[PDB]
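Accompanying notes for the structure given below.
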Amino acid sequence: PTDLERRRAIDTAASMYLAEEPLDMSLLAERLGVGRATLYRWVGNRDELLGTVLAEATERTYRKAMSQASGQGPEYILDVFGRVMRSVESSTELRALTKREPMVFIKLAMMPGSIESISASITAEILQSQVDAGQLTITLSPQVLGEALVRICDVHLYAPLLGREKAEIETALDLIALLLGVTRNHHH
Ligand SMILES: [Ca+2]
């Protein structure tokens with residue numbers, strides 16, 4: 001596809017996600033005015049397209065948290081992650097998707113793919129900017145630490161899909177702190 005053809009496809013698929021409608025590839029092809037074969041050629045299967053849709057929504061979440069987060073260094077990184085995780089936890093569109101297709105979502109979110117790659121590359125960028133600002137001391141590359149932060153956190157954010165009671169945000173933050181070489185002094 002052209003960048004434009006793919007954009008129309010993702011934008012339409014994203015509206016279905018936001019409207020809490022399942023990603024019906026036939027409904028999508030009809031809305032685009034294209035055949036099912038043309039649609040597959042443009043975006044791949046339903047899972048590949050949903051991953052792209054969710055990865056773009058993930059980027060928007062991260063960017064908003066980065067502009068709204070306070071402080072510098074590990075305290076800023078902790079704030080961005082806390083904000084992103086709580087925003088994801090309160091998502092009604094995600095909630096509707098996870099209730100209907102938990103196994104598809106576990107795969108898209110917690111297996112290497114679209115969601116983990118954008119989360120890791122935006123985290124890597126956050127780490128590099130903090131190192132560039134003289135606010136963070138790291139021994140491993142931002143790419144290595146960014147991927148590690150995402151991998152350690154995501155199973156906690158999505159803990160109810162894995163058989164647990166609730167999103168384990170505080171535990172994920174404790175792991176980020178430990179990875180950054182800082183302490184979290186909990187009370188109450
Ligand atoms: Ca184009």
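To be explicit about the labels: the chains of the structure tokens are called A, B, and onward in the order shown, and within each one the residues are counted from 1, while ligands get numbers from 1 in the order they are shown.
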Give me, as a ChimeraX atom specification, the set of residues whose atoms come within 9 Å of any atom of ligand 1, counting only C-alpha atoms and all ligand atoms. /A:1-7
Keeping only N, CA and C atoms, write the selected residues as a PDB file, in the first residue's frame.
```pdb
ATOM      1  N   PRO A   1       0.810  -1.226   0.000  1.00  0.00           N
ATOM      2  CA  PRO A   1       0.000   0.000   0.000  1.00  0.00           C
ATOM      3  C   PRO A   1       0.843   1.277   0.000  1.00  0.00           C
ATOM      4  N   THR A   2       0.215   2.419  -0.333  1.00  0.00           N
ATOM      5  CA  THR A   2       0.833   3.731  -0.177  1.00  0.00           C
ATOM      6  C   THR A   2       0.691   4.054   1.328  1.00  0.00           C
ATOM      7  N   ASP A   3       1.443   5.033   1.838  1.00  0.00           N
ATOM      8  CA  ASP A   3       1.295   5.420   3.244  1.00  0.00           C
ATOM      9  C   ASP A   3      -0.141   5.860   3.505  1.00  0.00           C
ATOM     10  N   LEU A   4      -0.750   6.544   2.518  1.00  0.00           N
ATOM     11  CA  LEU A   4      -2.112   7.051   2.590  1.00  0.00           C
ATOM     12  C   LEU A   4      -3.171   5.939   2.662  1.00  0.00           C
ATOM     13  N   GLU A   5      -3.086   4.936   1.775  1.00  0.00           N
ATOM     14  CA  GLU A   5      -4.017   3.791   1.811  1.00  0.00           C
ATOM     15  C   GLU A   5      -4.027   3.119   3.203  1.00  0.00           C
ATOM     16  N   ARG A   6      -2.832   2.799   3.737  1.00  0.00           N
ATOM     17  CA  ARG A   6      -2.622   2.195   5.057  1.00  0.00           C
ATOM     18  C   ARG A   6      -3.179   3.122   6.157  1.00  0.00           C
ATOM     19  N   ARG A   7      -2.936   4.449   6.061  1.00  0.00           N
ATOM     20  CA  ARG A   7      -3.458   5.432   7.026  1.00  0.00           C
ATOM     21  C   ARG A   7      -4.992   5.403   7.107  1.00  0.00           C
TER      22      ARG A   7
END
```
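Neighbours of range 88-90 of chain A closer than or equal to 12 Å, with only C-alpha atoms counted and sequence neighbours fewer than 3 positions away skipped, come out as residues 54, 57, 58, 59, 60, 61, 62, 65, 81, 82, 83, 84, 85, 93, 94, 95, 96, 98, 109, 154, 156, 157, 158, 159, 160, 166, 167, 168 and 169 of chain A.
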Tell me, which residues of chain A carry DSSP helix (DSSP H, G or I), written as a PyMOL selection string? chain A and resi 3-18+25-32+36-43+46-68+73-89+92-100+102-110+114-132+142-157+159-162+169-180
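CA of residue 177 in chain A lies 7.3 Å from CA of residue 78 in chain A.
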Close residues, residue 138 in chain A itself excluded, 10 Å, only C-alpha atoms, min 3 positions apart in chain, as a ChimeraX atom specification: /A:127-128,130-131,141-142,145,179-181
For residue 27 in chain A: contacts at 12 Å, only C-alpha atoms, fewer than 6 positions along chain excluded, given as a ChimeraX atom specification: /A:9,12-13,16,21,33-36,39,46
Atomic distance CA of residue 20 in chain A - CA of residue 100 in chain A, expressed in Å with one decimal: 10.0 Å
